[PDB]
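The structure appears below as structure tokens.
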Amino acid sequence: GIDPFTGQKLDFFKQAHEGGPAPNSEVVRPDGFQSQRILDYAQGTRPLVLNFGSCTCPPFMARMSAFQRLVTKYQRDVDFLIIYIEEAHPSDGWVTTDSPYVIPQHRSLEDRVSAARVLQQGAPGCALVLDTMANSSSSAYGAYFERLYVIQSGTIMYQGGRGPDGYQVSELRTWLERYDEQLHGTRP
């Protein structure tokens with residue numbers, strides 16, 4: 001069906017939520033730009049942590065070292081993925097930013113991968129993909145600006161809550177702590 005007021009196909013896709021299906025939305029491998037999807041990154045029944053953001057998104061950069069600490073701590077049982085999305089504060093935008101990063105709004109995958117490479121010159125080999133230029137994953141996960149998720153066997157287990165900067169990472173740590181405790185016992 002077409003929406004008479006848009007001329008576009010009618011949308012029947014429900015927004016992502018905890019306990020609902022994790023969208024198998026499209027992403028891009030930095031090396032070679034091959035198409036992939038979020039669930040290509042799930043390894044069987046291991047939880048997969050998703051971290052959407054960009055270099056010009058301050059809270060995303062402020063938590064990166066903490067996120068990398070989580071990878072080391074939980075990698076025994078959990079997988080992790082960064083999704084590099086549209087810049088929060090592009091250097092050619094309307095609002096002048098004093099972001100330490102000066103990155104024009106991406107106009108192609110070549111621009112976006114260039115930005116992603118700046119990110120990953122820190123964070124030695126975390127898994128990282130790009131969102132498609134249609135922003136397929138950002139849209140499906142409601143994850144523009146930045147967002148954290150945990151998915152497992154195709155279901156959303158943790159959805160990063162909007163609200164003050166600081167909590168999402170502490171809440172994610174809580175989810176991972178409880179999962180690790182269920183598998184192995186409480187750490188002494």
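Within each chain, counting starts at residue 1; across the structure tokens, chains are named A, B, ... in the order shown, with ligands numbered 1 upward in that order.
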
Could you write out, as a list in words, all the residues of region 30-149 of chain A that DSSP marks as strand (DSSP E or B)?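 Answer for region 30-149 of chain A restricted to strand (DSSP E or B) is residues 35, 36, 37, 48, 49, 50, 51, 52, 53, 79, 80, 81, 82, 83, 84, 128, 129, 130, 131, 147, 148 and 149 of chain A.
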
For residue 35 (chain A): contacts at 9 Å, only C-alpha atoms, fewer than 3 positions along chain excluded, given as a count of residues only: 5

What lies within 8 Å of residue 158 (chain A) using only C-alpha atoms, ignoring chain neighbours under 4 positions off, as number ranges by chain? A: 18, 149-151, 172, 175

I want to know what sits within 10 Å of residue 159 (chain A), based on only C-alpha atoms, with residues of the same chain fewer than 3 positions away left out; could you give that as a PDB file with N, CA and C atoms, in the first residue's frame?
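Writing done, so here's result.pdb:
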ATOM      1  N   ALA A  16      12.146  -0.539  17.495  1.00  0.00           N
ATOM      2  CA  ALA A  16      12.885  -1.586  18.214  1.00  0.00           C
ATOM      3  C   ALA A  16      12.545  -1.499  19.690  1.00  0.00           C
ATOM      4  N   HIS A  17      12.449  -2.628  20.386  1.00  0.00           N
ATOM      5  CA  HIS A  17      12.196  -2.579  21.829  1.00  0.00           C
ATOM      6  C   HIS A  17      12.741  -3.848  22.530  1.00  0.00           C
ATOM      7  N   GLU A  18      12.982  -3.757  23.841  1.00  0.00           N
ATOM      8  CA  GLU A  18      13.442  -4.928  24.598  1.00  0.00           C
ATOM      9  C   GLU A  18      12.407  -6.057  24.531  1.00  0.00           C
ATOM     10  N   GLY A  19      12.871  -7.284  24.284  1.00  0.00           N
ATOM     11  CA  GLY A  19      11.974  -8.435  24.142  1.00  0.00           C
ATOM     12  C   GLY A  19      11.444  -8.588  22.730  1.00  0.00           C
ATOM     13  N   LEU A  50      25.976  -3.858  20.595  1.00  0.00           N
ATOM     14  CA  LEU A  50      26.117  -2.896  19.511  1.00  0.00           C
ATOM     15  C   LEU A  50      26.336  -1.497  20.094  1.00  0.00           C
ATOM     16  N   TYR A 141      17.440   0.765  14.445  1.00  0.00           N
ATOM     17  CA  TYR A 141      17.699   0.712  15.881  1.00  0.00           C
ATOM     18  C   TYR A 141      17.397   2.008  16.616  1.00  0.00           C
ATOM     19  N   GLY A 142      16.873   3.023  15.912  1.00  0.00           N
ATOM     20  CA  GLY A 142      16.583   4.325  16.578  1.00  0.00           C
ATOM     21  C   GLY A 142      17.869   4.853  17.205  1.00  0.00           C
ATOM     22  N   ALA A 143      18.964   4.775  16.455  1.00  0.00           N
ATOM     23  CA  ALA A 143      20.291   4.897  17.076  1.00  0.00           C
ATOM     24  C   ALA A 143      21.127   6.004  16.507  1.00  0.00           C
ATOM     25  N   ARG A 147      24.003   5.123  20.454  1.00  0.00           N
ATOM     26  CA  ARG A 147      23.172   4.254  21.252  1.00  0.00           C
ATOM     27  C   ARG A 147      23.850   2.949  21.503  1.00  0.00           C
ATOM     28  N   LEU A 148      23.490   2.309  22.622  1.00  0.00           N
ATOM     29  CA  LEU A 148      24.034   0.982  22.995  1.00  0.00           C
ATOM     30  C   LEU A 148      22.905  -0.044  23.032  1.00  0.00           C
ATOM     31  N   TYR A 149      23.172  -1.279  22.580  1.00  0.00           N
ATOM     32  CA  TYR A 149      22.202  -2.365  22.578  1.00  0.00           C
ATOM     33  C   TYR A 149      22.888  -3.669  22.922  1.00  0.00           C
ATOM     34  N   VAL A 150      22.129  -4.606  23.479  1.00  0.00           N
ATOM     35  CA  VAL A 150      22.580  -5.995  23.543  1.00  0.00           C
ATOM     36  C   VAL A 150      21.502  -6.820  22.862  1.00  0.00           C
ATOM     37  N   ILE A 151      21.916  -7.659  21.918  1.00  0.00           N
ATOM     38  CA  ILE A 151      21.000  -8.586  21.303  1.00  0.00           C
ATOM     39  C   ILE A 151      21.527 -10.007  21.508  1.00  0.00           C
ATOM     40  N   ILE A 156      16.143  -8.465  21.096  1.00  0.00           N
ATOM     41  CA  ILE A 156      16.776  -7.349  21.807  1.00  0.00           C
ATOM     42  C   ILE A 156      16.728  -7.593  23.329  1.00  0.00           C
ATOM     43  N   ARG A 162      17.296   6.476  26.554  1.00  0.00           N
ATOM     44  CA  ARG A 162      17.573   7.893  26.403  1.00  0.00           C
ATOM     45  C   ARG A 162      17.544   8.506  27.786  1.00  0.00           C
ATOM     46  N   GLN A 168      23.776   4.958  30.223  1.00  0.00           N
ATOM     47  CA  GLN A 168      23.759   3.866  29.240  1.00  0.00           C
ATOM     48  C   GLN A 168      24.898   2.858  29.439  1.00  0.00           C
ATOM     49  N   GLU A 171      24.421   1.057  32.751  1.00  0.00           N
ATOM     50  CA  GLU A 171      23.331   0.075  32.565  1.00  0.00           C
ATOM     51  C   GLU A 171      23.741  -1.143  31.748  1.00  0.00           C
ATOM     52  N   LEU A 172      24.570  -0.915  30.728  1.00  0.00           N
ATOM     53  CA  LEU A 172      25.118  -2.006  29.906  1.00  0.00           C
ATOM     54  C   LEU A 172      26.036  -2.905  30.765  1.00  0.00           C
TER      55      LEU A 172
END

Assign secondary structure with DSSP using the backbone only, and return the residues of chain A in helix (DSSP H, G or I) as a PyMOL selection string. chain A and resi 38-41+58-62+64-74+109-120+136-140+167-184

Excluding residue 128 (chain A) and any residue of its chain fewer than 4 positions from it, enumerate the residues within 9 Å of it, using only C-alpha atoms, and give them as a list in words. residues 29, 30, 80, 81, 82, 83, 84, 116 and 120 of chain A

Top pick for closest residue to residue 54 (chain A), considering A:182, A:174, A:99, A:108 and counting only C-alpha atoms: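 Once distances to residue 54 (chain A) are computed over only C-alpha atoms, the minimum belongs to A:99.
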
Between A:100, A:4, A:58, A:53, which residue has the minimum interatomic distance to residue 86 (chain A), considering only C-alpha atoms?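 Closest candidate: A:53.
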
What are the closest atom pairs, with distances in Å to one decimal, for all residues of region 60-163 of chain A lying within 8 Å of region 38-45 of chain A? Consider only C-alpha atoms, order rows by chain and residue number, and present the result as a tab-separated table.
residue	atom	partner	partner_atom	distance
A:79	CA	A:42	CA	7.4
A:81	CA	A:41	CA	7.8
A:137	CA	A:38	CA	7.9
A:152	CA	A:45	CA	6.1
A:153	CA	A:45	CA	5.3
A:154	CA	A:39	CA	7.2

Name the residues in contact with residue 64 (chain A) at a cut-off of 10 Å, using only C-alpha atoms, excluding same-chain residues fewer than 2 positions from it; report them as a ChimeraX atom specification. /A:51,59-62,66-70,82,119,122-123,169

Measuring between only C-alpha atoms, which one of A:97, A:184, A:5, A:126 shows the shortest distance to residue 72 (chain A)?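 Answer, going by the shortest atom-to-atom distance: A:126.
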
For each of A:49, A:78, A:10, A:85, take the minimum atom-to-atom distance to residue 180 (chain A), counting only C-alpha atoms, then give the residue where this is smallest. A:78

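We find CA of residue 102 (chain A) and CA of residue 32 (chain A) to be spaced 24.9 Å apart.
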
Which one of A:8, A:114, A:75, A:138 sits closest to residue 31 (chain A) if you count only C-alpha atoms? A:114

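The spacing separating CA of residue 125 (chain A) from CA of residue 73 (chain A) amounts to 15.5 Å.
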